[PDB]
Asks: 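Here you go, one structure.
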Amino acid sequence: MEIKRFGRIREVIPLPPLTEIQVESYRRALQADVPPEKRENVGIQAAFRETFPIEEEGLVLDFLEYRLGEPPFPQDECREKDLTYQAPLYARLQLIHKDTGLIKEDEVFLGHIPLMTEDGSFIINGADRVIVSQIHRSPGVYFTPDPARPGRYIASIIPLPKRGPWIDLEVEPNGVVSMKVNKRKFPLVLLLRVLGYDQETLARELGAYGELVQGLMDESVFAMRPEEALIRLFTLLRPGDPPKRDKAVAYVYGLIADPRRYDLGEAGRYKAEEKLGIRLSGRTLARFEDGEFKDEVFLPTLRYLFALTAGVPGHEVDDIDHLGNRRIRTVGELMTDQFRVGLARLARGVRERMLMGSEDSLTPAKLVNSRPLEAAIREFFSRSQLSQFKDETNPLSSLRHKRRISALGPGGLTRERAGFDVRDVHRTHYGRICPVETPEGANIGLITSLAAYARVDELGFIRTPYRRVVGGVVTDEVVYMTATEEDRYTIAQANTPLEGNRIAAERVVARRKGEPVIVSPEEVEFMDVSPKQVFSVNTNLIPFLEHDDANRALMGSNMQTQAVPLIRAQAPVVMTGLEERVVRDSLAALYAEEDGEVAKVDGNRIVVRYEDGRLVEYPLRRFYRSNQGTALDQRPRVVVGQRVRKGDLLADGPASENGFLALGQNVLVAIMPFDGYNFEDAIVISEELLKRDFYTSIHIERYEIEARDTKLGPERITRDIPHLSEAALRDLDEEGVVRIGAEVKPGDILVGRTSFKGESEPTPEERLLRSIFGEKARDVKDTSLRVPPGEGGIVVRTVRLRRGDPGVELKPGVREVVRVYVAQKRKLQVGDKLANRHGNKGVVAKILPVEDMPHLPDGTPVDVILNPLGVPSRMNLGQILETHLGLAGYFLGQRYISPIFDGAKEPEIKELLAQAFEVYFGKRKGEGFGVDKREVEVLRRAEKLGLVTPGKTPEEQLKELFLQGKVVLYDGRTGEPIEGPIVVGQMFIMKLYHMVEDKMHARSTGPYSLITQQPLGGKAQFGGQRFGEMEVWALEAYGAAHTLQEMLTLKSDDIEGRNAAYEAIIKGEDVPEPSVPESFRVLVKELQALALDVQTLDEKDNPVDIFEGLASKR
Amino acid sequence: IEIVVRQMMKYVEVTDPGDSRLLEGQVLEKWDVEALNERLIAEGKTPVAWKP
Amino acid sequence: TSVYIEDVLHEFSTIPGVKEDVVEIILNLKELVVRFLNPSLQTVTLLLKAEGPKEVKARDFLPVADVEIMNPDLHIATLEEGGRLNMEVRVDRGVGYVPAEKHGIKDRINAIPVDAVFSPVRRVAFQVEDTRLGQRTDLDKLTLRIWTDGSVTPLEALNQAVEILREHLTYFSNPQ
Amino acid sequence: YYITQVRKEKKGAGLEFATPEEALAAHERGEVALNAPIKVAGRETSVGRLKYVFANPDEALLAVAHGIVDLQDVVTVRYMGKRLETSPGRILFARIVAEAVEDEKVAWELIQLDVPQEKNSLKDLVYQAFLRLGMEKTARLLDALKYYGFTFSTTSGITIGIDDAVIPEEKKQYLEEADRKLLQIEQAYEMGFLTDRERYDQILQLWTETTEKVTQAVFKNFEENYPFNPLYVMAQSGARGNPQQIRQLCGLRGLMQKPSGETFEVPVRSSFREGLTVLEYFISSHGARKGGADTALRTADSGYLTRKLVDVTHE
Amino acid sequence: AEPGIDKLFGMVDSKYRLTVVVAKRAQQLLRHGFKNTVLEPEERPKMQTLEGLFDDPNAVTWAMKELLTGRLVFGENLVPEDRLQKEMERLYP
DNA sequence: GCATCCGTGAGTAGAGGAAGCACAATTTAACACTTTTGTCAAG
DNA sequence: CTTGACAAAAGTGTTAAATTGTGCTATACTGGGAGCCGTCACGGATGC
Ligand SMILES: [Mg+2]
Ligand SMILES: [Mg+2]
Ligand SMILES: [Mg+2]
């Protein structure tokens, strides 16, 4: 099956590594392999040098270097034993006695740092997790207008999150310039005096504006000494505390000048220098030295504010949603932030220990307690909003998870308090953030995806590539630039016609600061690389995207993440060209390292002898269970003695076919209504799909149980369970565990367990019963593990962990734990959900035998019938064009690649359909068959519909219908043709994760809640359905008083009523009258706890007791 | 819509207490004050003056 | 209908020395075409013993009387040196499509039931042409095209279908 | 709808004759069509009404089974003592209602026979039957309507292809006219006659008018040349779609709004059939996101109103 | 649609009174084991079983059919409630 | 006329989720012994 | 139905050992520590 490629645009660079946002950021933070003397002041190395040295204020503790050790356990062992994949951390510290001059050095153990796997994830307590990148406002200096009063501006200084307070500079109506700090507004001159600024200094530079400088010229504080001004400022900041200079300088220096408390950031310092046109020595607002404060940023910020208000041409306001003002915090920065938090706590315990207890006899190891540091790191990797359970339904699911961008999390926005403006598609999103891939609902615009060609720079700003255009010719030089840098040029579109490298069009479509213009070739300065750089990886997998509405393209890209792997999965007939790279970068398949020869091929491992002579053996993951329950295994694709080149495929991974992404099947589709089984998105399929094992997938479930120590005695896992027949114990081995290979059904025992009965004398009726049969009560009871309703399959694995085993950390009191893995093979059934890449989805409602399906004149039946009424109002025409191209490939036996916005057009599709008709109809004529009597009838109507040309021969009119994608179709039930030609072709359809097998649930009675005594919720708990307020309104509008009362009392929490109702039904009686609900009794008691006397009365205002006299004091 | 609006016009405000214990500016239901007024007329007392 | 492989407990496993897993091997066994030469025969069991290295085809099954394999070149498994395959395959006679969950046939403890597709007919189509006889001009010409797997000839299948339709037409005889 | 809509032909369409034999004779020669409107002596008829005259509904439907006529051909049928001029499919619709309610005479008063059955006409039929017959008989008519509607849509041949989105010939002519008028607005702006604001408002008015003309050209083409087009039939019957969504498929997309609320000067001049450009696709995404945020952020405002209403009126 | 629902709605002034009459009649039939019915043997509702035709076990179905025959009397303050059950129990032990 | 304070924002489903020590009071367990309570054999 | 038995299961002091509750310590020491703005936006009621 050959592959045909469309398109004209030639890409000069390939896609970057698709997981480099995760992988490269975490390597920079750790610097694990860089020698200690060559390490740069980034990552955790920068955190060590910030907290150290620690001084008592004559003892000093200093930091020299660190190193990372080998992990204790491998990745697969951590998954099986529920461990964390980590590495020990060691620090090399020295203690110096200032009074004496004696030094001691030793290496102290600091704890464990989690390690990232090769694909870019973590193993935390045995589970795979992903750290999601966070977007937030960049630090710096910003100028925005005053919303209340026109012509006025506000200057803001923003540090890194939790690294200082915000500073506001505003010109008050009275003319006084004010500075607001921590919800408190005070005149700026008071602080501006502390920085040693006199009346002669201020008016020299800012006096060239007019009336604004007069508001900074108060003589009440101008003569005041900076020390007096310092104390006065302290009183305003925190009134009530005693004014002392020692306390005063501590507060002012620690608010704007302490590097350990205020941090502008590398990005913030870079932004401040670019805007104000200054150069900063540090990352603080002011610099304290020689016993005085010196200004660094306050003066240049004030000059910009005054000049902006005056109206100088060169000063403009800032757009806060501009992508040059928003930056990304990746996993390395997020981890390092918590590392610095926990390190500051460690230094706080060092200080309290070095001034109390054996001061003369100290060692560095005795001072350092690393418990605070380990708790900070453990908390981040377990209970952070950005640390999420990994999505691995298919290899594409995990790739998308690693490129998501979230505005939520600690230091971010909130879902409820986010407005419209922060959710919009900004013009700078072009080439950096995908405009279509986002969740619908409360998270729309707050979670997004990185563009396919984008990359995050060292300061956290997203850049996109462009090609340099000089003198009308396009060069291959590629420049990555940010949004702020991009605004200065005229950028042409990627589809601009070229004659080699020369621009051929006279009029060129271009962007200037985000808006379309028409320009001459001599005005162009840059060019787009490809149309693929505007969208994300998921959106780039949808062919004919230019013919689909964006609201339905959002559904198509999202649902590709939910497709489950199939045992006979195949690659789509029509592809875009990203299917190979997705499989390669997901690390799910196996490739050869260099040239060699295959020596051994097996279902478990492959051995390759490379041309240098060395043998490398590759084990294969087989029948592994993912986080979502889908089976992940690798199948070999080579034979013994086969020569391979570097990068050749060795074994396919899940949902791949010869190295291409394979999320479904290619089926024959007819577009027509069918007897109402297609009604409102429902789908009809053929029984022939089941016969050849299409849409068949494998799922694995895990079950667990524990044996504990109790006061009454230990629980025992055993085969000898009381009161059980041999039919129940048939599949258990001698240890009480089900044998491997057994078939289990609901109610079957998996692991047998007994527990010691609690001390309780029996009821009198039971005592007489035991006397009659002469049976002695046992001391243990059945507590074994059984299959839940609606589940089952084949037992494929057992795991047994015991106390004392190496690496096993069981909780106190737990003796052993047993785990059982059960696998089932699922075929397509009524109630299962199907979808295509253009957003068309629906559940299977009918399965028909093969002789019932519509069929071609040569006897071939179709596989799927889709309703044409779902197309017009959704405006997703891409599925129609995919069907037309799939019809040509069905007869020609070829597949196609059509890139988005540069691909297959109708004249090319119609030229392929003309070749396919010559084999679809020319074959018939050679075999000795003409035109059917039934086809002549359909042709007669077809020219009354204006579909064919009158006067042509039947063969010529059948070809006219084929070029429109339509054929004559016969009815399987009657043998007569459909009255009009029907669109028939080949389409790629996926089977989604949502199956009716996992969702059907029912309940009669079961567990109840503790306090309210109402039924529990959830299928996993065997809970009932919530009958909420709006449901109660519907029953009231119907006038169904007795039906409403049953749900309120007899079926939720009337304890006496629900017991009597059950006993009446099993006796063949009608249910009795209900009584007071229990939750009303709770409300009365809770109101009495609030010292409120609530009483129920009768017609005569006499009290009525609703507690049966159980709560009345005699 | 007319059922909802009828509930929106359910209250009145006292402007003249008359021969009653009500207070000027007190808000009460229109049904109650009309029943109170027709009782006062039977016993020959000055009625209450209210405002919608 | 059912397969048993020595040293294999279920179908979600692998065999040392064998490239394919049990699921793939069973998918290959659903393509085997077996012809019974005796109308009274209802069930047979085919035995296979192989040692690698070799590609085992359908012709490696041991000969059985009144049983013929119609596609001897069907690939089954690939054996590497050190690999062994010792299996028993049960072939039944029936009609229609029967999932493995409905029959659940196992000859021994570790056997694996297989979904059965009993139909020997692969594809059917019929043509209607316009013929004439003297003055009459609107007459029909009928052609039937039948594709089978070889165990039953198209002429044999046509005769059996005509008898099924004739038998059903006798049900309209006695009004109760 | 598909069985109660009649056919129209254009071959004869205006020819005049003297006797019905002359009109019939021209039909076999191929000069006129079965449903083309002609004039026999003074009235307007067709060949089908003169050629096929049926004595009862059974005879007309037996002729359909033999393929003599279609359900959309207008013929002469005798029914309930009157000589009607309708199609067999409209007679078939009348029998569906008559048997469902088991009263031929009352069912004859409930229906409009001379129009295709659309969403509104079918809704009127249900309400009148509820008034005259009650719930039990109305529920039986609903199931009969459901049964026959599904049966006839399966065998009629309704499908969607790329060529069913027919491009009118007037779109090219309209887009050329707008280019000249737009180029004239720019000419007077350089002369100082108009400012920036009124030049902005005039460009929007030109594109608002052009979009409306394309919308009418799309539907005029369907009702004149493709009256059985799948898109046209779906919208006219009320099954699916409105003219605004049809224009985007067959005509042009139109003007788009910026995130601030302003509208881009250049519209999107391509339909979904031709395919948008990359820049056009990006421009359109601003409004798709805005619509999605309105749905999510304002369902709470509506549901909060409902709870207020319930708690003020529940007594 | 329930059989004869249009005629049932026309026998009462309020639609909720019909539900009250039906529900109380069905309780009477259940309590006396269907021995107090006003239906003739050829009018009794039936259900089809693998073993043959038997009496309909649904008491609500019986009550609706009885009410269509015109042999039941309903109203308010017809008889003392204690005296009603005593006589009905004596007639149908 | 305005500054300050306070309560409100749709439904169902899922699926993960850092002191010692000495010494007095008090409670509990061990161990016998006395008394009560069934069985057995008569009878 | 009542006697004589007969060991056994249960009840009753007695006491040593775990277990728990409480007071005490003498160089001189004398006012905390974490926060830290897309600070949510709008209506109603109260107090100046
Ligand atoms: Mg969602
Ligand atoms: Mg077969
Ligand atoms: Mg005639």
Side-chain angles (χ1 to χ4, degrees), chain A residues 124-125 127-129 135-139 142 144 147 154 156-168 180-184 237-238 240-244 247 250-251 254-256 258 261-263 285 318-322 325-326 341 344-345 348-349 352-353 355-357 369 371 382-383 385 387-391 407-408 410-424 441-442 446 627-629 993-995 998-1001 1017-1021 1023-1034, chain D residues 295-310:
Chain A
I124 307 302
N125 298 131
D128 275 286
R129 294 196 145 262
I135 189 175
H136 73 116
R137 299 183 53 181
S138 175
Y142 299 109
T144 66
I154 293 92
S156 305
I157 302 178
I158 305 171
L160 271 178
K162 295 180 177 66
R163 302 297 294 159
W166 293 31
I167 306 302
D168 280 292
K180 179 198 305 180
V181 177
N182 291 320
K183 282 173 278 189
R184 299 188 183 280
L237 300 183
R238 293 192 68 82
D241 287 354
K244 313 174 184 180
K247 304 298 289 294
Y251 193 77
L255 186 85
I256 65 170
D258 194 11
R261 299 201 66 242
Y262 196 95
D263 197 9
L285 297 202
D318 274 13
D319 190 8
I320 47 154
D321 275 302
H322 198 273
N325 300 335
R326 298 231 279 168
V341 163
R345 301 205 188 110
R348 213 159 61 220
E352 91 185 332
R353 186 174 288 179
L355 58 91
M356 176 179 72
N369 180 20
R371 291 280 288 169
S382 294
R383 282 157 298 211
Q385 194 151 337
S387 168
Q388 306 181 356
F389 198 61
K390 181 185 174 182
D391 190 15
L408 316 169
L413 292 158
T414 319
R415 185 170 306 121
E416 292 86 3
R417 318 272 78 101
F420 293 92
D421 294 331
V422 311
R423 306 200 186 208
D424 276 342
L446 303 181
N627 283 351
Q628 274 61 51
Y993 178 78
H994 307 280
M995 306 181 196
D998 296 310
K999 303 201 169 192
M1000 175 194 107
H1001 174 53
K1019 172 174 178 175
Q1021 291 71 54
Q1025 301 297 313
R1026 160 79 163 177
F1027 201 81
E1029 291 172 281
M1030 314 191 62
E1031 283 75 31
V1032 171
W1033 298 340
Chain D
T295 287
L297 287 181
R298 297 173 187 270
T299 44
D301 294 337
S302 172
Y304 185 32
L305 172 59
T306 305
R307 190 164 188 272
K308 298 181 199 169
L309 297 177
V310 166

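Note: hydrogens, waters and symmetry copies are ignored here, and every other heavy atom, side chains too, is used. Below, read A as the first sequence line, B as the second, and so on, with proteins coming before strands; counting in each chain starts at 1.
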Asks: Categorize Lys999(A) for me: base, sugar-phosphate, or nothing, with a 4.0 angstrom heavy-atom threshold over every strand shown.
Replies: nothing

Asks: Calculate the interatomic distance between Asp168(A) atom CG and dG38(G) atom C1'; express it in whole Å.
Replies: 13 Å

Asks: Whole-Å distance between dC37(G) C1' and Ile320(A) CD1?
Replies: 12 Å

Asks: If we ignore hydrogens and angles and just use 3.5 Å, is the side chain of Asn627(A) paired with the main-chain N or O of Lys390(A) as donor and acceptor?
Replies: yes

Asks: From C-beta outward on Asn182(A), which listed nucleotide comes closest to its side chain: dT12(F), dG17(F), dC36(G)?
Replies: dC36(G)

Asks: Quick one: what's the B/S/- string for nucleotides 4-10 of chain F, heavy-atom cutoff under 4.0 Å, read 5' to 3'?
Replies: ----SBB

Asks: Could you work out the separation of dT12(F) and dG35(G) based on their P atoms and round it to a whole Å?
Replies: 36 Å

Asks: Which whole-number value in Å describes the distance from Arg184(A) CZ to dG35(G) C1'?
Replies: 13 Å

Asks: Grab the CZ-P distance between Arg348(A) and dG35(G) for me, whole Å please.
Replies: 9 Å

Asks: In whole angstrom, give me the gap between the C1' atoms of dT27(G) and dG31(G).
Replies: 25 Å

Asks: To the nearest Å, give me how far apart NE2 (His136(A)) and P (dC37(G)) are.
Replies: 16 Å

Asks: Whether the side chain of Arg261(A) and the base of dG35(G) hold a donor-acceptor pair under 3.5 Å is what I'd like checked.
Replies: yes

Asks: Would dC24(G) and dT25(G) be classed as stacked, given the thresholds of under 5.5 Å between six-membered ring centres and under 30° between planes?
Replies: yes

Asks: Is the closest side-chain heavy-atom distance between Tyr262(A) and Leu255(A) below 4.5 Å?
Replies: no

Asks: Taking CZ from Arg137(A) and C1' from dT39(G), how many angstroms apart are they, rounded to a whole number?
Replies: 11 Å

Asks: Select one nucleotide: of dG14(F), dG38(G), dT12(F), the one nearest the side-chain heavy atoms of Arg1026(A).
Replies: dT12(F)

Asks: When you measure from the side chain of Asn325(A) to the backbone of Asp319(A), do you find a donor-acceptor pair of N or O atoms at a distance under 3.5 Å?
Replies: yes

Asks: Could you measure between the two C1' atoms, the one in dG17(F) and the one in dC24(G), and give it in whole Å?
Replies: 49 Å

Asks: When you measure from the side chain of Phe389(A), which nucleotide among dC37(G), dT39(G), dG17(F) comes out closest?
Replies: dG17(F)

Asks: Classify the nucleic acid contact of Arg415(A) as base, sugar-phosphate or nothing, counting any heavy atom under 4.0 Å across all strands shown.
Replies: nothing

Asks: Name the stems that DNA chain G belongs to, where each is three or more consecutive Watson-Crick or G-U pairs with both distances under 3.5 Å?
Replies: F:2-9 with G:40-47, F:19-22 with G:22-25, F:27-34 with G:10-17, F:41-43 with G:1-3

Asks: I want to confirm an ordering. Mapping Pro242(A) and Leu255(A) to their closest nucleotides on DNA chain G, which one lands closer to the 5' end?
Replies: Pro242(A)

Asks: Counting heavy atoms from C-beta on, name the nucleotide in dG17(F), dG33(G), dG38(G) closest to the side chain of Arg238(A).
Replies: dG33(G)

Asks: For a quick check of understanding: with a heavy-atom distance under 4.0 Å over all strands, which category does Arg353(A) fall into, base, sugar-phosphate or nothing?
Replies: nothing

Asks: When the distance from CG of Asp421(A) to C1' of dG38(G) is rounded to whole Å, what number comes out?
Replies: 10 Å

Asks: Tell me whether the guanidinium CZ or amine NZ of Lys308(D) lies under 6.0 angstrom from the six-membered ring centre of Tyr304(D) and within 45° of its axis.
Replies: yes

Asks: Starting from P on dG16(F), measure out to CD on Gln628(A) and report it in whole angstrom.
Replies: 7 Å

Asks: From the list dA13(F), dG38(G), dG16(F), which nucleotide is the closest neighbour of the side chain of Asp321(A)?
Replies: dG38(G)

Asks: I need the minimum non-hydrogen distance between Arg129(A) and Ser387(A), along with the two atoms involved.
Replies: NH1-O, 2.8 Å

Asks: Which comes earlier along DNA chain G counting from the 5' end, the contact point of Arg163(A) or that of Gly240(A), where each point is its nearest nucleotide?
Replies: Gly240(A)

Asks: Look up atom CZ in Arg137(A) and atom CG in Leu413(A), then write down how far apart they are to the nearest 0.5 Å.
Replies: 10.0 Å

Asks: Determine yes or no for a side-chain-to-main-chain donor-acceptor pair under 3.5 angstrom, with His1001(A) supplying the side chain and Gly1023(A) the backbone.
Replies: yes

Asks: Out of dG14(F), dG33(G), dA13(F), which nucleotide sits closest to the side chain of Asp241(A)?
Replies: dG33(G)

Asks: Side chains of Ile167(A) and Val181(A), heavy atoms from C-beta outward: is any pair under 4.5 Å?
Replies: yes

Asks: If the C1' atom of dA5(G) is compared with that of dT36(F), how far apart are they to the nearest Å?
Replies: 15 Å

Asks: Determine the interatomic distance between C1' on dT39(F) and the same-named atom on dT3(G); round to the nearest Å.
Replies: 15 Å

Asks: Identify which one of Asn182(A), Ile158(A), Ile157(A) satisfies the side-chain contact (heavy atoms from CB on, under 4.5 Å) criterion when paired with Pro165(A).
Replies: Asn182(A)

Asks: Stacking check, if you would: do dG38(G) and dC37(G) have six-membered base rings whose centres lie under 5.5 Å apart and whose planes meet at under 30 degrees?
Replies: no

Asks: Taking only the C1' atom of each, what is the distance from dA7(G) to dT34(F) in whole angstrom?
Replies: 15 Å

Asks: Check the chi torsion on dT39(G) and let me know: syn if it falls within 90° of 0, anti if not.
Replies: syn

